[PDB]
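As structure tokens, one chain now follows by itself in the form solved without the partner chain.
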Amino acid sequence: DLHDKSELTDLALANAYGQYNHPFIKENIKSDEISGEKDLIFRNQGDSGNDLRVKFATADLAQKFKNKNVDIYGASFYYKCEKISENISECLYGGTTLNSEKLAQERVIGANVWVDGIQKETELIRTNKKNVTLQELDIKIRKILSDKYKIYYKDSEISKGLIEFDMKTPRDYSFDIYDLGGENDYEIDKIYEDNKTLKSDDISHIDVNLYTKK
């Protein structure tokens, strides 16, 4: 069931590596401009003053954040990002939460890691948001995985990977780290388009299982 790293093109690997190592993080910005019916526009708010277009799965979502002070944390990209002006538009799916919703205290989540069934050091990620997007937690975990296990380097020994985010109830979410939508970010990141958010204090822990080349 777990997809193999060898299934991905070089473009897909370079793109994955790029976004999990350089996420777009912006705090307290507001947009009173919808594009299409489900994209919010933050002119000149992206990298290099490029414009920023945050895409949502529904107009329901875009409206919810329209004219709200929001925090952004997601995987950004340019290719296929619909321009709003004659200037370069930078894109990102979901990764949006209200800036007013901060925890009374920093939530640290433990991430157990296994490589071929052998327990490695438990890793840590944290957030100060009451409702954190799954995208944010995922990027934070993949960053550590990229740093320590070189998950997105073509010639590293890791070839299969599963990340499990467990709640305090029997609810869990998971990502096969190599089952990418396609090779371009506009495809790959639709994985975050629903802006799925989790109640930070209800998260139990993360379980990561990687398997070496075979």
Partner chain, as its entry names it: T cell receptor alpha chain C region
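Numbering follows the first chain given and starts at 1.
- Mean CA B-factor, 30-38 versus 178-186: the higher value falls on 30-38.
- Relative to its counterpart among 91-99 and 76-84, 76-84 has the higher mean temperature factor, C-alpha atoms as listed in the PDB entry.
- Out of 163, 167, 145, 61, it is 61 whose C-alpha atom has the highest B-factor in the PDB entry.
- Annotation for residue 173: CA B-factor lies in the middle third of the chain's modelled residues.
- Placement of the Cα temperature factor of residue 131 within the chain: middle third of the modelled residues, per the deposited record.
- When the modelled residues of the chain are ordered by C-alpha B-factor, residue 151 sits in the lowest third.
One more form of this protein exists, namely the form solved in complex with the partner chain; it is left out here, but the text below deals with it.
- This chain is drawn without the partner chain; in the entry with it bound, the residue among 190, 196, 199, 22 with a heavy atom within 4.5 Å of it is 22.
- Each of 11, 78 and 88 comes within 4.5 Å of the partner chain in the entry with it bound, counting any heavy atom.
- Contact annotation: residue 39 falls outside 4.5 Å of the partner chain in the entry with it bound, judged by heavy atom distances.
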